[PDB]
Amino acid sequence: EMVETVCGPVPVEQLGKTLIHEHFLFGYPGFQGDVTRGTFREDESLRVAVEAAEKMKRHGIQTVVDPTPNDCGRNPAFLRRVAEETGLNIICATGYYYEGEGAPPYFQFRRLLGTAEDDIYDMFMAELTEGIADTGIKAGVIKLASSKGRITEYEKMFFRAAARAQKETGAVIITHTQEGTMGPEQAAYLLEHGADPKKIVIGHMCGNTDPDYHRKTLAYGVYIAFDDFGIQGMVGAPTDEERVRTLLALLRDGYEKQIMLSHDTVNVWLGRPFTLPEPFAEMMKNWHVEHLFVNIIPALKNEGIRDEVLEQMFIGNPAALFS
């Protein structure tokens, strides 16, 4: 029925066409320390975030899920500024990143006191049911993340807390999987702790090119997200070409009602601006919010993927997920 967005409750019925995973802002933990050479430019950042939204609106998108981790520069008030001037619905997350590129020293310390898993649960329930800080904005999803080849002890605290919060709230869980690993493990651990698979999206599933691995995750009844379209060359990634092959195989095998598509873009980088080195730069040049609609979809159509299938992925699935 309802979902909390950065502008308050919105019926699921009106989410319409949705990108299930994009970042308006994102910073790697430690960006804070680089303030002198990388201060946040409040207003140009907004110009840039607004323009990003207006772009997706040109392709029909009405709703964006932004699962930027709490420890990766999540800024719900800024999201709200984007939404109050675009009419775009934006649903944000509560959750921390994977141990690998998240900021684990804080909750690792609290684990030493013996309160971390409870404190995490409390944070989830606060941000889902009351508000994030003093913004009045509620997260609509819980973001979970795990490392390569392993859901670490640290990560597991968040997984258990999330299953806990979901049972209390029915909030949707969206995950990050690292380098094409732990998809089935994540599904199984969440389900072992009473999470509802119809309210779970295992993310970055396109990172793997073994259809066995995908079907192994699908068996749990969760959603899977091909949400990294355009990221190529960099950080143990497949190519968009491989993503398309893998995707086509699953659609022709009848899995459309469990698949969602996105880019995982980062539209404004927190901290010091940078330029990618040329090998990576050219491979990554298709990493923008227009990419699915201008490059990917047309390829799938020319593969015979029918309009109703596309609409199940972009409209029907997000509706089903949040309702």
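Residue indices: 1-based, along the sequence shown.
As recorded in the PDB entry, 127-135 is the stretch of 220-228 and 127-135 with the greater mean C-alpha temperature factor. Higher average CA B factor: 57-65, of the stretches 263-271 and 57-65. Per the deposited record, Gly170 carries the highest C-alpha B-factor of all listed residues (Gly149, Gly183, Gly170, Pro105). Across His204, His214, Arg74, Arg81, the entry's maximum B-factor at the CA atom is seen for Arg81. For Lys143, the recorded CA temperature factor ranks within the lowest third of the chain's modelled residues. When all modelled residues of the chain are sorted by CA temperature factor, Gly38 is found within the middle third. Annotation for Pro197: CA B-factor lies in the lowest third of the chain's modelled residues. Among the modelled residues of the chain, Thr115 sits in the highest third by CA temperature factor in this PDB entry. The deposited CA B-factor of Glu99 belongs to the middle third of values across its chain.
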